[PDB]
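Working notes for the structure below.
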Amino acid sequence: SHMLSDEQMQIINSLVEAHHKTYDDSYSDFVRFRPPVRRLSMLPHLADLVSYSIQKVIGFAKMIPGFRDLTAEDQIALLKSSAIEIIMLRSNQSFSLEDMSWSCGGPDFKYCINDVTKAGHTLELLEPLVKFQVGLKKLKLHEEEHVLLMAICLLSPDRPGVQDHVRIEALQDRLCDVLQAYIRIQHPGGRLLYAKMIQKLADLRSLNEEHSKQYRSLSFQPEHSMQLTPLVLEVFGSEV
Amino acid sequence: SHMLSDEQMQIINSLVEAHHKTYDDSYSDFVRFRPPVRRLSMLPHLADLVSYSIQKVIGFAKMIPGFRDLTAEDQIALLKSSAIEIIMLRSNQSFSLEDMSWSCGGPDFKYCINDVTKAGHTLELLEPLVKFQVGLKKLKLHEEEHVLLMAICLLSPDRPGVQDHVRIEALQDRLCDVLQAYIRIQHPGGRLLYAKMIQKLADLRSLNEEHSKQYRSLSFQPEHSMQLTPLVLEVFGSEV
Amino acid sequence: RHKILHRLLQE
Amino acid sequence: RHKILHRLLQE
Ligand SMILES: CC1(C)[C@H](/C=C/C=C2C[C@@H](O)C[C@H](O)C2)CC[C@]1(C)CCC#CC(O)(C(F)(F)F)C(F)(F)F
Ligand SMILES: CC1(C)[C@H](/C=C/C=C2C[C@@H](O)C[C@H](O)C2)CC[C@]1(C)CCC#CC(O)(C(F)(F)F)C(F)(F)F
Ligand SMILES: [Mg+2]
Ligand SMILES: [Mg+2]
């Protein structure tokens with residue numbers, strides 16, 4: 001009944017290309033992380049996984065149409081507040097409904113709930129997490145929709161620290177359009193998908209909040225914070 | 001012609017035991033460091049080697065008779081300024097005159113000058129380093145003398161940041177005694193050894209100074225400092 | 001200060 | 001601040 005506009009389509013080519021450039025389905029770079037071990041035994045390996053991911057999320061972000069033109073401060077503000085959410089969204093790519101875990105190799109790079117516990121996190125986080133991963137996986141998103149959801153999550157103007165919350169609101173809306181249009185046109189059987197997707201964003205906030213609290217506690221214990229990486233400390237730190 | 005006193009001897013048992021407790025001749029813990037790779041390719045692995053060593057040097061220090069009774073500030077001040085020197089001294093244990101390198105396994109955990117270069121250091125440091133390692137190895141120190149030299153180096157009152165530089169001067173002298181006495185009594189053929197040993201301390205300062213400058217440069221480049229560890233950043237940082 | 005972040009967001 | 005160092009020098 002319709003068809004995406006040239007502009008919208010070029011945006012999709014950019015996000016998809018950006019993701020391919022910042023996400024390897026082989027997970028070959030994991031051999032460079034401190035090896036996993038199953039007190040907080042998995043902390044070193046997971047800290048490295050997360051850190052590596054932030055580096056990847058930043059690369060993606062820099063390629064989101066519009067982002068580069070924001071003030072470094074807002075880029076930072078947005079990255080800092082959404083980082084963890086973007087990592088949870090992209091992680092879905094490795095999540096397996098089969099064994100309810102992230103399989104990036106295995107048995108060495110297969111991450112179960114138990115493992116994340118050995119990194120200092122509880123079921124109060126992991127419970128909703130896997131639940132979110134499952135529900136999200138069931139949506140069978142087209143790569144195009146997966147990349148949009150990520151770009152949309154990052155440009156949420158409702159982030160603590162954001163300045164020009166009006167230009168951010170605009171860009172997120174432009175992307176929300178392309179996503180809505182795309183599902184209507186390219187997604188057979190997807191009429192309530194959009195709704196289901198925006199809802200996922202809301203579930204992300206709860207996961208984020210929980211993670212932040214659990215992170216703060218871990219963060220204050222020097223014997224544990226010393227296992228983290230400088231970038232993780234910077235991105236998740238309370239630093240103004 | 002003499003014989004160590006009971007007190008001096010108990011000190012030697014403490015330093016030797018302390019070293020055994022904080023130094024593994026199997027280097028089995030290295031598999032937990034980020035794997036080496038031969039821009040600054042070895043930086044991640046070596047940062048982890050150094051970091052691990054600081055943790056070990058701290059353990060040793062805490063067992064040096066007298067140290068625990070200093071002010072946390074002086075303990076820190078002493079650790080911060082001597083850390084790198086203690087690591088160079090203890091590294092001798094793994095240095096091989098054969099291949100002029102530190103062999104803690106291999107070929108994976110064998111460190112040549114080239115490798116340290118891939119971690120951001122130059123021959124301006126590595127040149128005197130190996131030279132120092134060689135000369136030091138040639139001294140064939142008894143374990144007892146090796147542990148004393150380390151305890152003596154750590155209690156050098158001439159460190160920037162030191163407060164009670166008089167109690168530190170005292171303790172270092174007490175240890176210098178036990179070392180002198182020991183060589184006279186237990187070291188056949190060692191008459192100029194003591195002199196050769198105190199001289200090594202002086203060579204350490206040059207290596208330290210050089211390392212500090214080279215470290216400072218690496219430290220200011222965020223793309224490199226992000227490869228370091230929180231403890232390394234803390235110990236070698238300019239933080240007052 | 002976010003030195004690392006500023007550096008990575010730089011191209 | 002040397003939080004980590006203070007923590008390790010603690011027993
Ligand atoms: C275990 C996690 C890393 C999850 C797994 C995601 C999977 C992948 C694989 C692939 O799809 C590529 C993706 O980029 C990452 C997402 C959040 C998690 C539960 C987060 C676990 C964590 C944490 C921390 O709080 C700490 F390490 F300190 F405990 C940190 F945030 F500070 F780091
Ligand atoms: C390569 C080094 C680590 C040397 C090798 C020593 C060997 C061993 C093995 C065993 O005997 C047990 C010992 O504890 C350590 C000593 C100093 C060195 C040249 C130091 C290399 C370095 C460095 C750094 O500047 C960085 F990583 F950033 F480049 C750091 F200081 F910040 F870390
Ligand atoms: Mg919207
Ligand atoms: Mg003296």
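By order in the structure tokens, chains are A, B, ...; within a chain, residues start at 1; ligands start at 1, following the order shown.
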Problem - At most 6 Å from ligand 1 (only C-alpha atoms and all ligand atoms): residue list as a ChimeraX atom specification - result: /A:43,46-47,50,53,87-88,90-91,93-94,102,116,119-120,215,232
Practice task
At a cut-off of 10 Å, list the chain B residues touching chain C, using only C-alpha atoms, as a ChimeraX atom specification.
Solution key: /B:220-226
Generate the output file for the selected residues, N, CA and C atoms, as a PDB file, in the first residue's frame.
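Listing of part_19.pdb after writing:
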ATOM      1  N   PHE B 220      49.077   9.453  29.189  1.00  0.00           N
ATOM      2  CA  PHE B 220      48.281  10.566  28.684  1.00  0.00           C
ATOM      3  C   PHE B 220      47.499  10.266  27.412  1.00  0.00           C
ATOM      4  N   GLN B 221      47.831   9.166  26.752  1.00  0.00           N
ATOM      5  CA  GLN B 221      47.112   8.791  25.544  1.00  0.00           C
ATOM      6  C   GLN B 221      45.984   7.848  25.946  1.00  0.00           C
ATOM      7  N   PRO B 222      44.751   8.370  26.020  1.00  0.00           N
ATOM      8  CA  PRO B 222      43.592   7.561  26.406  1.00  0.00           C
ATOM      9  C   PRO B 222      43.398   6.236  25.685  1.00  0.00           C
ATOM     10  N   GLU B 223      43.796   6.144  24.421  1.00  0.00           N
ATOM     11  CA  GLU B 223      43.623   4.889  23.695  1.00  0.00           C
ATOM     12  C   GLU B 223      44.551   3.824  24.253  1.00  0.00           C
ATOM     13  N   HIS B 224      45.595   4.263  24.938  1.00  0.00           N
ATOM     14  CA  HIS B 224      46.532   3.333  25.541  1.00  0.00           C
ATOM     15  C   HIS B 224      46.231   3.152  27.021  1.00  0.00           C
ATOM     16  N   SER B 225      45.957   4.246  27.720  1.00  0.00           N
ATOM     17  CA  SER B 225      45.665   4.130  29.137  1.00  0.00           C
ATOM     18  C   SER B 225      44.437   3.246  29.355  1.00  0.00           C
ATOM     19  N   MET B 226      43.575   3.152  28.351  1.00  0.00           N
ATOM     20  CA  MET B 226      42.374   2.334  28.484  1.00  0.00           C
ATOM     21  C   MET B 226      42.695   0.833  28.484  1.00  0.00           C
TER      22      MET B 226
END
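Each of B:100, B:233, B:136, B:240 was compared to chain A using only C-alpha atoms, and B:233 turns out to be the nearest.
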Exercise for the section: Enumerate as a list in words the residues belonging to chain A that approach chain B to within 7 Å, with only C-alpha atoms taken into account. Expected result: residues 32, 33, 34, 35, 226, 229, 230 and 231 of chain A
Problem - residue 112 (chain B) surroundings by only C-alpha atoms, 10 Å radius, close-in-sequence under 5 positions cut, as a ChimeraX atom specification - result: /B:95,99-103,117,126,130
For the residues selected in the previous step, produce a file with N, CA, C and O atoms as a compact mmCIF listing (two decimals), in the first residue's frame.
# COMPACT_ATOMS: atom_id res chain seq x y z
N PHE B 95 64.55 -14.05 34.58
CA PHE B 95 65.44 -13.66 33.50
C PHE B 95 66.40 -14.79 33.16
O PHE B 95 66.88 -15.50 34.04
N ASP B 99 69.01 -16.69 26.69
CA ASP B 99 68.34 -15.95 25.63
C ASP B 99 68.04 -14.49 25.97
O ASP B 99 67.25 -13.84 25.27
N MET B 100 68.67 -13.98 27.02
CA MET B 100 68.48 -12.60 27.45
C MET B 100 67.01 -12.20 27.52
O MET B 100 66.61 -11.17 26.97
N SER B 101 66.20 -13.00 28.21
CA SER B 101 64.79 -12.69 28.34
C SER B 101 64.18 -13.29 29.61
O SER B 101 64.81 -14.08 30.30
N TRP B 102 62.94 -12.89 29.90
CA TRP B 102 62.22 -13.38 31.06
C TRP B 102 61.41 -14.57 30.56
O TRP B 102 60.51 -14.40 29.73
N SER B 103 61.72 -15.76 31.05
CA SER B 103 61.03 -16.96 30.59
C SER B 103 60.10 -17.52 31.65
O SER B 103 60.53 -18.20 32.58
N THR B 117 58.52 -3.65 23.62
CA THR B 117 58.41 -2.52 22.71
C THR B 117 56.98 -2.45 22.19
O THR B 117 56.45 -1.37 21.93
N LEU B 126 64.69 -0.44 27.96
CA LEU B 126 65.03 -1.85 27.79
C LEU B 126 66.54 -2.10 27.72
O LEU B 126 67.02 -3.13 28.19
N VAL B 130 67.92 -4.87 30.56
CA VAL B 130 68.58 -6.16 30.36
C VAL B 130 69.99 -6.11 30.92
O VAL B 130 70.46 -7.07 31.53
